[PDB]
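One structure is given here, and the rest of the page talks about it.
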Amino acid sequence: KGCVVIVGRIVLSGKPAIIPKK
Amino acid sequence: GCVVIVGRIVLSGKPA
Amino acid sequence: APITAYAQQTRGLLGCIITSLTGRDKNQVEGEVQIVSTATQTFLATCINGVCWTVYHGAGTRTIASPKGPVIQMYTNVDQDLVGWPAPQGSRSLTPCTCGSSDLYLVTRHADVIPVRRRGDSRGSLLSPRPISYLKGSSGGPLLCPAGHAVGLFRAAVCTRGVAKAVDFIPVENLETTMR
Amino acid sequence: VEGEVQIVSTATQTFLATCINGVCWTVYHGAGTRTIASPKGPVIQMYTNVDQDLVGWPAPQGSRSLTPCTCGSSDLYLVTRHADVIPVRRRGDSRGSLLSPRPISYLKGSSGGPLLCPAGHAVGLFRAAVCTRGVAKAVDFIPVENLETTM
Ligand SMILES: [Zn+2]
Ligand SMILES: [Zn+2]
């Protein structure tokens, strides 16, 4: 009774990045 | 003089 | 490459509740590990080779809310504490480890990767003991080898005075056996 | 979105700064005794260690702290100011060899940046490129332990 729901995510595939300005 | 921050790097590659 | 991780909340309490009952979820999926939740608790589901696995003590025998309605589990193994649904369109899958490394890295619900030394087929020790709360909600999450391949899924912490010192995990072999 | 590594500049040059334990650490040979800019005016160094070639101001705005290494791995990963990741094999307390030598320019402006272990935790702060005829084959670094001790 009652479905399991995705409430977020965790991403492992991201590589270091320079944060853009915007 | 004074050090200024000109940018930032996020190690996880987390988008905004 | 060093293992780094980041979390993102895709919906909230009320939106979760409705989606639980409705069983229909139209949100876009991204990632290898999906933060998942029932009306009771939150845990993690890890996509490995096209199947989104999680812990049975969290997901039970429930369906997963998808854009096309509830999706019935593909695998269920009450004894091994596993359940698996077909991976959601959009997620990225990890692949089993093929280097037999003993240096593992646990990814927590808050996207924190911590080192654990393998101390048996289903146990590893935290090189740096942390209070159990740090691990709260992390069942179903991955234990990666240095190359980022799935070694196991976190099942339960091994704590004492409220400080988790080790962790019991479901080795990715039980997965192959559950599918068998 | 918060960043662990700040890209900083002086009139003279550019380099990096790494936020660890709530402190924004960098190389003394880059910042000297220089104060750091803040929306409320220049904020002074919380630590200045010329001997270690290390300085640190309180973690700035829009930053998150990196966790120190606790696994003792020798497989490091240097992050450059261009966000490149360079595998380095630890040869000792403050030295490691690039698994693949790079032109000195490749590592330019990355001093102050972090040297990550397989878990993404800080092993140390990139101090200086050890070059042989314009080709950096190895690097010098400040162990996080020094940072941990300076505090
Ligand atoms: Zn492996
Ligand atoms: Zn480490």
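As shown in the structure tokens, the chain order sets the letters A, B, ...; within each chain, residues go from 1, and ligands are also counted from 1 in the order they appear.
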What's around stretch 119-123 of chain C at 12 Å? Count only C-alpha atoms, leave out sequence neighbours fewer than 4 positions away in its own chain, and write the answer as an mmCIF file with N, CA and C atoms, in the first residue's frame.
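File produced: result-v5.cif:
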data_model
loop_
_atom_site.group_PDB
_atom_site.id
_atom_site.type_symbol
_atom_site.label_atom_id
_atom_site.label_comp_id
_atom_site.auth_asym_id
_atom_site.auth_seq_id
_atom_site.Cartn_x
_atom_site.Cartn_y
_atom_site.Cartn_z
ATOM 1 N N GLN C 80 17.811 -11.594 1.709
ATOM 2 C CA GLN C 80 18.997 -10.807 1.383
ATOM 3 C C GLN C 80 18.741 -9.314 1.549
ATOM 4 N N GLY C 100 38.352 -6.348 -7.116
ATOM 5 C CA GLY C 100 38.439 -6.892 -5.771
ATOM 6 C C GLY C 100 39.140 -6.041 -4.734
ATOM 7 N N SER C 101 38.976 -4.723 -4.816
ATOM 8 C CA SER C 101 39.601 -3.824 -3.854
ATOM 9 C C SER C 101 38.909 -3.911 -2.509
ATOM 10 N N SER C 102 39.667 -3.629 -1.458
ATOM 11 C CA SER C 102 39.148 -3.671 -0.102
ATOM 12 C C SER C 102 38.954 -2.270 0.431
ATOM 13 N N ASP C 103 39.429 -1.288 -0.330
ATOM 14 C CA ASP C 103 39.284 0.112 0.042
ATOM 15 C C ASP C 103 37.988 0.594 -0.606
ATOM 16 N N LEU C 104 36.964 0.733 0.226
ATOM 17 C CA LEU C 104 35.653 1.125 -0.240
ATOM 18 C C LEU C 104 35.295 2.546 0.180
ATOM 19 N N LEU C 106 31.792 4.789 0.922
ATOM 20 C CA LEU C 106 30.347 4.842 1.100
ATOM 21 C C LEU C 106 29.766 6.220 0.789
ATOM 22 N N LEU C 127 36.992 4.182 8.709
ATOM 23 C CA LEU C 127 38.325 4.604 9.107
ATOM 24 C C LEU C 127 38.218 5.769 10.089
ATOM 25 N N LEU C 143 28.533 1.459 -2.065
ATOM 26 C CA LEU C 143 29.854 1.295 -1.454
ATOM 27 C C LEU C 143 30.669 1.112 -2.712
ATOM 28 N N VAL C 151 30.376 -1.993 -5.172
ATOM 29 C CA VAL C 151 30.891 -3.135 -4.413
ATOM 30 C C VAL C 151 29.739 -3.722 -3.602
ATOM 31 N N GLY C 152 28.869 -2.854 -3.110
ATOM 32 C CA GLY C 152 27.738 -3.311 -2.334
ATOM 33 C C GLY C 152 26.794 -2.164 -2.054
ATOM 34 N N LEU C 153 25.724 -2.462 -1.328
ATOM 35 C CA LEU C 153 24.726 -1.475 -0.953
ATOM 36 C C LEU C 153 24.704 -1.445 0.566
ATOM 37 N N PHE C 154 24.765 -0.256 1.151
ATOM 38 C CA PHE C 154 24.737 -0.099 2.602
ATOM 39 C C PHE C 154 23.425 -0.691 3.154
ATOM 40 N N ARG C 155 23.520 -1.597 4.131
ATOM 41 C CA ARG C 155 22.325 -2.211 4.725
ATOM 42 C C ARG C 155 22.050 -1.748 6.152
ATOM 43 N N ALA C 156 23.075 -1.745 6.990
ATOM 44 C CA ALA C 156 22.904 -1.314 8.368
ATOM 45 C C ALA C 156 24.235 -0.967 8.996
ATOM 46 N N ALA C 157 24.239 0.063 9.834
ATOM 47 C CA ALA C 157 25.459 0.472 10.505
ATOM 48 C C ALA C 157 25.710 -0.465 11.674
ATOM 49 N N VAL C 158 26.964 -0.515 12.109
ATOM 50 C CA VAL C 158 27.386 -1.342 13.232
ATOM 51 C C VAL C 158 27.877 -0.338 14.273
ATOM 52 N N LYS C 165 30.762 2.483 13.900
ATOM 53 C CA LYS C 165 32.171 2.196 13.675
ATOM 54 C C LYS C 165 32.387 1.312 12.450
ATOM 55 N N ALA C 166 31.347 0.590 12.049
ATOM 56 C CA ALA C 166 31.410 -0.289 10.887
ATOM 57 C C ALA C 166 30.067 -0.262 10.190
ATOM 58 N N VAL C 167 29.975 -0.957 9.066
ATOM 59 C CA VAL C 167 28.733 -1.018 8.315
ATOM 60 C C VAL C 167 28.570 -2.390 7.685
ATOM 61 N N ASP C 168 27.338 -2.884 7.691
ATOM 62 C CA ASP C 168 27.014 -4.157 7.076
ATOM 63 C C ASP C 168 26.454 -3.792 5.720
ATOM 64 N N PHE C 169 26.922 -4.465 4.681
ATOM 65 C CA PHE C 169 26.439 -4.169 3.355
ATOM 66 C C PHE C 169 26.063 -5.414 2.576
ATOM 67 N N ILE C 170 25.260 -5.204 1.548
ATOM 68 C CA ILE C 170 24.808 -6.273 0.685
ATOM 69 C C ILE C 170 25.787 -6.306 -0.502
ATOM 70 N N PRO C 171 26.733 -7.267 -0.505
ATOM 71 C CA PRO C 171 27.688 -7.345 -1.614
ATOM 72 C C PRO C 171 26.974 -7.531 -2.947
ATOM 73 N N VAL C 172 27.453 -6.832 -3.969
ATOM 74 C CA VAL C 172 26.854 -6.888 -5.299
ATOM 75 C C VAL C 172 26.660 -8.311 -5.858
ATOM 76 N N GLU C 173 27.182 -9.313 -5.157
ATOM 77 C CA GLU C 173 27.038 -10.709 -5.564
ATOM 78 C C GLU C 173 25.631 -11.181 -5.231
ATOM 79 N N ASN C 174 25.130 -10.766 -4.068
ATOM 80 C CA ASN C 174 23.773 -11.120 -3.656
ATOM 81 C C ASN C 174 22.780 -10.598 -4.688
#
Next on the checklist: Please find the residues of chain A near chain D - the criterion being any atom within 10 Å, counting only C-alpha atoms - and write them as a ChimeraX atom specification.
Outcome noted: /A:15-19
Dump of C-alpha atoms for the selected residues, as a PDB file, in the first residue's frame:
ATOM      1  CA  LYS A  15      33.465  16.402 -12.340  1.00  0.00           C
ATOM      2  CA  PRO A  16      35.022  19.496 -10.716  1.00  0.00           C
ATOM      3  CA  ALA A  17      33.709  22.637 -12.359  1.00  0.00           C
ATOM      4  CA  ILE A  18      34.158  26.389 -12.266  1.00  0.00           C
ATOM      5  CA  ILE A  19      30.843  27.813 -11.089  1.00  0.00           C
TER       6      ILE A  19
END
Checklist entry - Residues within 12 Å of ligand 2 (only C-alpha atoms and all ligand atoms), as a ChimeraX atom specification? => result /C:2-4,103-106,113-117,126-128,146 /D:66-77,115-124,144
For the selection just defined, write its residues with N, CA and C atoms to a file, as a short mmCIF file (atom, residue, chain, number, x, y, z; two decimals), in the first residue's frame.
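Resulting contents of part_37.cif:
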data_model
loop_
_atom_site.label_atom_id
_atom_site.label_comp_id
_atom_site.auth_asym_id
_atom_site.auth_seq_id
_atom_site.Cartn_x
_atom_site.Cartn_y
_atom_site.Cartn_z
N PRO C 2 38.80 11.24 -8.42
CA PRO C 2 38.31 11.15 -7.04
C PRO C 2 36.77 11.13 -7.02
N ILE C 3 36.21 10.31 -6.13
CA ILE C 3 34.77 10.17 -6.00
C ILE C 3 34.20 11.40 -5.30
N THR C 4 33.37 12.14 -6.01
CA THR C 4 32.72 13.31 -5.45
C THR C 4 31.25 13.13 -5.74
N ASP C 103 39.43 -1.29 -0.33
CA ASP C 103 39.28 0.11 0.04
C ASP C 103 37.99 0.59 -0.61
N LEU C 104 36.96 0.73 0.23
CA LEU C 104 35.65 1.13 -0.24
C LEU C 104 35.29 2.55 0.18
N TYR C 105 34.32 3.12 -0.51
CA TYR C 105 33.88 4.48 -0.24
C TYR C 105 32.37 4.51 -0.24
N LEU C 106 31.79 4.79 0.92
CA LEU C 106 30.35 4.84 1.10
C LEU C 106 29.77 6.22 0.79
N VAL C 113 30.96 11.15 0.72
CA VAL C 113 31.59 9.87 0.48
C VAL C 113 32.60 9.66 1.60
N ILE C 114 32.48 8.54 2.31
CA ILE C 114 33.39 8.24 3.40
C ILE C 114 34.12 6.92 3.15
N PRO C 115 35.39 6.82 3.58
CA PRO C 115 36.14 5.58 3.37
C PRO C 115 35.81 4.49 4.38
N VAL C 116 35.73 3.25 3.91
CA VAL C 116 35.47 2.10 4.78
C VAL C 116 36.41 0.98 4.33
N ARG C 117 37.06 0.31 5.28
CA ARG C 117 37.96 -0.78 4.93
C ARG C 117 37.19 -2.07 4.98
N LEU C 126 34.60 1.89 9.35
CA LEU C 126 34.78 3.30 9.11
C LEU C 126 36.15 3.68 9.61
N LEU C 127 36.99 4.18 8.71
CA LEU C 127 38.33 4.60 9.11
C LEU C 127 38.22 5.77 10.09
N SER C 128 37.09 6.46 10.04
CA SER C 128 36.82 7.59 10.91
C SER C 128 35.40 7.46 11.46
N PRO C 146 37.78 2.13 -5.42
CA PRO C 146 38.48 3.34 -5.87
C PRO C 146 38.17 3.80 -7.30
N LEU D 66 36.03 21.60 2.60
CA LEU D 66 36.46 20.29 2.15
C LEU D 66 36.89 19.53 3.39
N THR D 67 36.68 18.22 3.36
CA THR D 67 37.04 17.35 4.47
C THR D 67 38.46 16.82 4.33
N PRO D 68 39.21 16.77 5.43
CA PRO D 68 40.58 16.26 5.34
C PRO D 68 40.58 14.75 5.08
N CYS D 69 41.67 14.24 4.52
CA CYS D 69 41.77 12.82 4.25
C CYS D 69 42.02 12.04 5.53
N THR D 70 41.46 10.83 5.58
CA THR D 70 41.59 9.95 6.75
C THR D 70 41.83 8.49 6.36
N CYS D 71 42.09 8.27 5.07
CA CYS D 71 42.32 6.91 4.57
C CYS D 71 43.79 6.67 4.26
N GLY D 72 44.57 7.74 4.22
CA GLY D 72 45.99 7.63 3.93
C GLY D 72 46.36 7.11 2.55
N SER D 73 45.54 7.38 1.54
CA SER D 73 45.86 6.91 0.19
C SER D 73 47.00 7.70 -0.45
N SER D 74 47.74 7.03 -1.33
CA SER D 74 48.87 7.61 -2.04
C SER D 74 48.50 8.00 -3.46
N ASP D 75 47.25 7.75 -3.83
CA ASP D 75 46.78 8.09 -5.15
C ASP D 75 46.04 9.40 -4.99
N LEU D 76 46.74 10.48 -5.32
CA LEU D 76 46.19 11.82 -5.20
C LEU D 76 45.67 12.34 -6.54
N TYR D 77 44.90 13.43 -6.48
CA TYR D 77 44.33 14.06 -7.66
C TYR D 77 44.37 15.56 -7.45
N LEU D 115 44.83 18.77 -3.30
CA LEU D 115 45.30 17.47 -3.75
C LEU D 115 44.35 16.54 -3.03
N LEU D 116 43.43 15.96 -3.80
CA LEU D 116 42.40 15.06 -3.31
C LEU D 116 42.77 13.57 -3.33
N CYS D 117 42.26 12.83 -2.36
CA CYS D 117 42.49 11.39 -2.31
C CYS D 117 41.35 10.75 -3.12
N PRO D 118 41.27 9.40 -3.19
CA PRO D 118 40.18 8.79 -3.97
C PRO D 118 38.74 9.12 -3.53
N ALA D 119 38.59 9.63 -2.31
CA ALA D 119 37.28 9.98 -1.76
C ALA D 119 36.94 11.47 -1.95
N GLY D 120 37.84 12.22 -2.57
CA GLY D 120 37.62 13.63 -2.79
C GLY D 120 37.99 14.50 -1.61
N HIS D 121 38.59 13.89 -0.59
CA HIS D 121 39.04 14.60 0.62
C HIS D 121 40.44 15.18 0.44
N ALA D 122 40.73 16.27 1.14
CA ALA D 122 42.00 16.98 1.06
C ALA D 122 43.18 16.26 1.68
N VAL D 123 44.19 16.01 0.86
CA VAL D 123 45.43 15.37 1.31
C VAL D 123 46.40 16.51 1.62
N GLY D 124 46.34 17.56 0.81
CA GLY D 124 47.21 18.71 1.02
C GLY D 124 46.91 19.81 0.04
N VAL D 144 47.58 18.45 4.86
CA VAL D 144 46.47 19.04 5.63
C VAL D 144 46.81 19.05 7.09
#
Item to check | Closest of D:88, D:104, D:8, D:131 to residue B:2 - atom-to-atom distances counting only C-alpha atoms | outcome: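 That would be D:8, the residue with the smallest distance to residue B:2.
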Next on the checklist: Near chain C, meaning an atom within 12 Å, which residues of chain B appear when counting only C-alpha atoms? Write them as a PyMOL selection string.
Outcome noted: chain B and resi 10-16
Item to check | Distance query stretch 1-4 of chain A at most 10 Å, only C-alpha atoms, self and fewer than 3 positions along chain excluded, as an MDAnalysis selection string | outcome: (chainID A and resid 7) or (chainID C and resid 16:24 36:43 58:66 69:72)
Item to check | Expected selection as a list in words for ligand 1 within 8 Å, only C-alpha atoms and all ligand atoms | outcome: residues 96, 97, 98, 99, 100, 101, 144, 145, 146, 147, 148, 149, 150 and 151 of chain C
Checklist entry - Quick one: which residues from chain B are at most 6 Å off chain D, using only C-alpha atoms, as a list in words? => result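 The contacting residues on chain B are residues 2, 3, 4, 5, 6, 7, 8, 9, 10 and 16 of chain B.
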Quick one: residues within 9 Å of residue C:46, only C-alpha atoms counted, chain neighbours fewer than 6 positions away excluded, as a PDB file with N, CA and C atoms, in the first residue's frame?
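To be explicit, this is the file written out as result39.pdb:
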ATOM      1  N   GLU C  32      22.778   8.420 -10.422  1.00  0.00           N
ATOM      2  CA  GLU C  32      23.055   7.008 -10.207  1.00  0.00           C
ATOM      3  C   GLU C  32      22.345   6.513  -8.952  1.00  0.00           C
ATOM      4  N   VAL C  33      22.187   7.399  -7.977  1.00  0.00           N
ATOM      5  CA  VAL C  33      21.540   7.081  -6.710  1.00  0.00           C
ATOM      6  C   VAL C  33      20.341   8.017  -6.549  1.00  0.00           C
ATOM      7  N   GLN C  34      19.153   7.448  -6.374  1.00  0.00           N
ATOM      8  CA  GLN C  34      17.935   8.225  -6.198  1.00  0.00           C
ATOM      9  C   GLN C  34      17.583   8.255  -4.724  1.00  0.00           C
ATOM     10  N   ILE C  35      17.336   9.439  -4.173  1.00  0.00           N
ATOM     11  CA  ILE C  35      16.930   9.532  -2.774  1.00  0.00           C
ATOM     12  C   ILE C  35      15.463   9.141  -2.855  1.00  0.00           C
ATOM     13  N   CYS C  52      17.268  -0.512 -10.564  1.00  0.00           N
ATOM     14  CA  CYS C  52      17.327   0.387  -9.419  1.00  0.00           C
ATOM     15  C   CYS C  52      17.073  -0.434  -8.154  1.00  0.00           C
ATOM     16  N   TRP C  53      18.153  -0.819  -7.488  1.00  0.00           N
ATOM     17  CA  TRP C  53      18.100  -1.620  -6.277  1.00  0.00           C
ATOM     18  C   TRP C  53      17.986  -0.782  -5.044  1.00  0.00           C
ATOM     19  N   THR C  54      17.375  -1.349  -4.017  1.00  0.00           N
ATOM     20  CA  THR C  54      17.287  -0.694  -2.731  1.00  0.00           C
ATOM     21  C   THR C  54      17.127  -1.786  -1.684  1.00  0.00           C
ATOM     22  N   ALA C  87      15.370   0.356 -13.677  1.00  0.00           N
ATOM     23  CA  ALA C  87      15.874   1.711 -13.500  1.00  0.00           C
ATOM     24  C   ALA C  87      15.043   2.721 -14.278  1.00  0.00           C
ATOM     25  N   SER C  93      23.414   4.210 -14.523  1.00  0.00           N
ATOM     26  CA  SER C  93      23.731   3.044 -13.727  1.00  0.00           C
ATOM     27  C   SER C  93      25.203   2.890 -13.454  1.00  0.00           C
ATOM     28  N   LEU C  94      25.512   2.351 -12.281  1.00  0.00           N
ATOM     29  CA  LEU C  94      26.882   2.057 -11.919  1.00  0.00           C
ATOM     30  C   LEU C  94      27.075   0.637 -12.465  1.00  0.00           C
ATOM     31  N   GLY C 140      20.609   1.329   1.166  1.00  0.00           N
ATOM     32  CA  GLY C 140      20.321   1.249  -0.250  1.00  0.00           C
ATOM     33  C   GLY C 140      21.381   1.981  -1.047  1.00  0.00           C
ATOM     34  N   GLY C 141      22.149   2.834  -0.369  1.00  0.00           N
ATOM     35  CA  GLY C 141      23.204   3.594  -1.019  1.00  0.00           C
ATOM     36  C   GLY C 141      24.394   2.745  -1.420  1.00  0.00           C
ATOM     37  N   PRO C 142      25.279   3.260  -2.293  1.00  0.00           N
ATOM     38  CA  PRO C 142      26.454   2.508  -2.743  1.00  0.00           C
ATOM     39  C   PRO C 142      27.752   2.535  -1.923  1.00  0.00           C
ATOM     40  N   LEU C 153      25.724  -2.462  -1.328  1.00  0.00           N
ATOM     41  CA  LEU C 153      24.726  -1.475  -0.953  1.00  0.00           C
ATOM     42  C   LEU C 153      24.704  -1.445   0.566  1.00  0.00           C
TER      43      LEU C 153
END
Checklist entry - Which neighbours of residue C:78 fall inside 10 Å, counting only C-alpha atoms, when residues of the same chain fewer than 5 positions from it are skipped, and could you give them as a count of residues only? => result 7
Next on the checklist: Can you measure atom CA of residue D:26 to atom CA of residue A:14 for me? One decimal in Å is fine.
Outcome noted: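 Atom-to-atom, atom CA of residue D:26 and atom CA of residue A:14 are spaced 25.0 Å apart.
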Next on the checklist: I need the residues of chain B that end up classed as strand (DSSP E) by DSSP on the backbone, written out as a VMD selection string.
Outcome noted: chain B and resid 2 to 10
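Nearest residue to chain C, choosing from D:114, D:20, D:106, D:57 and counting only C-alpha atoms: D:114.
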Checklist entry - To one decimal place, how far is atom CA of residue D:140 from atom CA of residue D:45 in Å? => result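 Those two atoms sit 22.9 Å apart.
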Run DSSP on the backbone of this structure and report the residues of stretch 52-146 of chain C it assigns to helix (DSSP H, G or I), as a compact mmCIF listing (two decimals) with N, CA, C and O atoms, in the first residue's frame.
# COMPACT_ATOMS: atom_id res chain seq x y z
N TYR C 56 15.13 -3.88 1.16
CA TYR C 56 13.77 -4.36 1.40
C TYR C 56 13.17 -3.82 2.69
O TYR C 56 11.97 -3.60 2.79
N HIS C 57 14.02 -3.58 3.69
CA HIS C 57 13.54 -3.08 4.97
C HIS C 57 13.08 -1.63 4.87
O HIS C 57 12.68 -1.02 5.86
N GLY C 58 13.20 -1.07 3.67
CA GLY C 58 12.77 0.29 3.45
C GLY C 58 11.65 0.29 2.43
O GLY C 58 10.58 0.82 2.69
N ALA C 59 11.88 -0.34 1.29
CA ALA C 59 10.91 -0.38 0.20
C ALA C 59 9.82 -1.42 0.39
O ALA C 59 8.77 -1.33 -0.24
N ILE C 132 25.92 7.68 14.46
CA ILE C 132 24.96 7.03 13.58
C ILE C 132 24.10 7.97 12.74
O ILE C 132 23.85 7.70 11.57
N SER C 133 23.72 9.12 13.30
CA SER C 133 22.88 10.08 12.58
C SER C 133 23.43 10.50 11.21
O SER C 133 22.67 10.79 10.29
N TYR C 134 24.75 10.53 11.08
CA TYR C 134 25.40 10.91 9.83
C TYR C 134 24.99 9.94 8.73
O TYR C 134 24.92 10.31 7.57
N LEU C 135 24.78 8.70 9.13
CA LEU C 135 24.40 7.62 8.23
C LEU C 135 22.89 7.44 8.06
O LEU C 135 22.44 6.68 7.21
Checklist entry - By how many Å are atom CA of residue D:111 and atom CA of residue D:128 apart? => result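 So the answer is 6.4 Å.
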Next on the checklist: At a cut-off of 9 Å, using only C-alpha atoms, what residues contact residue C:92? Leave out same-chain residues fewer than 2 positions from it and give the result as an NGL selection string.
Outcome noted: (:A and (11 or 13)) or (:C and (30-33 or 47-50 or 87-90 or 94))
